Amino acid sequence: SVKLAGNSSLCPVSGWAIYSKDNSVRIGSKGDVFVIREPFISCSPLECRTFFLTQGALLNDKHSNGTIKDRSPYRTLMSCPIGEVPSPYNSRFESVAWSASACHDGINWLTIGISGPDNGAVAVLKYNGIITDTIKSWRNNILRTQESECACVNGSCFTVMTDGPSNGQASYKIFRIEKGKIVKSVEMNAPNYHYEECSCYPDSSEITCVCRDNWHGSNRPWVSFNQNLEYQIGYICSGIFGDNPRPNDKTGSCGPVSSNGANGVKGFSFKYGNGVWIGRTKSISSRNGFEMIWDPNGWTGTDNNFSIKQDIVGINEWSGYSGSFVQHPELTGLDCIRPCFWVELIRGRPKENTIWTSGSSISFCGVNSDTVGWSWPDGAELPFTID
């Protein structure tokens, strides 16, 4: 076993090839499948796994009642091989958690699981399944983290956590973790910024995170930093707004776009020079549809012009959270870090007449060969027998 270098650049990509689809909700109609949300993908040098937050209950069972609720003592972080349904019969237990992150440094898995009360939550860090550290809420207001993979470079892994209001100024910290131990942290000096649920990836020995402004921005905030946690911050400038909800496309801003800025959804983007690959819902008002857009000057430019659009989920179909994940050369044999992404397909409450809320997933990887747009939706027929 050797630790991931993380020193190569992102692979340039022209399109996205479908990588996985689990059909979790369809199968859970009869099969024993966990009620889950906040799924994400992360890979080791050997395999890729789907991580997810269970509700400690199964689909089509009475205990799925009220699962629109975000935090409870019953939620646990678990994982299974990519593309398989999250079942009690194929899932590895990771941590007790209602907010989480995970990543592999080349040697072992790091998992971060936050549980406990809203006014004093504690993140439990595990390395190879052994508790190695903890960090407790510093603002006493729902300590929370990525809900996607952390990023590793030369034996160090990095994540971002938030503590404070979800509708106003909060506090944001970056962490450097080695063998499950926090070796350094810094609080971001980001007045008037809002960071939630960051999607972080490694690129040329540094980390880039694209996050969610739940306070007053319909474009996405970003933070980038080196291994010493020296950071820069900003917002994606493109007039192709990335959050949901959001305004119709027009002239963007390199600061938070106030129009339709409140609320949001976890998302991601990949930076290539001044350009950006943007993943976003198709609807401006609800979590419906999904598309990938290549905007060659969208990181720093404010116009609403773009070069490529690829359909992922039809506008009449439910989507939800999305996040980045990468495949290192140690896994692929390539000379660059390959960008991939996943999409959570949320079914149930609040928009559908069920007693439960749960999601399935799809994932794609970036390639330079031919690709095609389509719609790969959840496909479940609601309501269920339980309702």
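Position 1 is the first residue in the sequence shown; the rest follow in order.
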property: 242-250 versus 203-211 - greater average Cα B-factor per the deposited record; result: 242-250
property: Between the two ranges 181-189 and 302-310, the one averaging a larger CA B factor in the entry; result: 302-310
property: Highest recorded Cα temperature factor - choice among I278, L77, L110, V153; result: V153
property: Identity of residue with top Cα B-factor, from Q146, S224, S115, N263; result: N263
property: Ranked C-alpha temperature factor of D32 among modelled chain residues, by third; result: middle
property: B-factor third for the C-alpha atom of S369 within its chain; result: highest
property: Ranked C-alpha temperature factor of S14 among modelled chain residues, by third; result: highest
property: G129 CA temperature factor, ranked by third within the chain; result: highest
property: Assigned third (lowest, middle, highest) for the C-alpha B factor of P165; result: middle
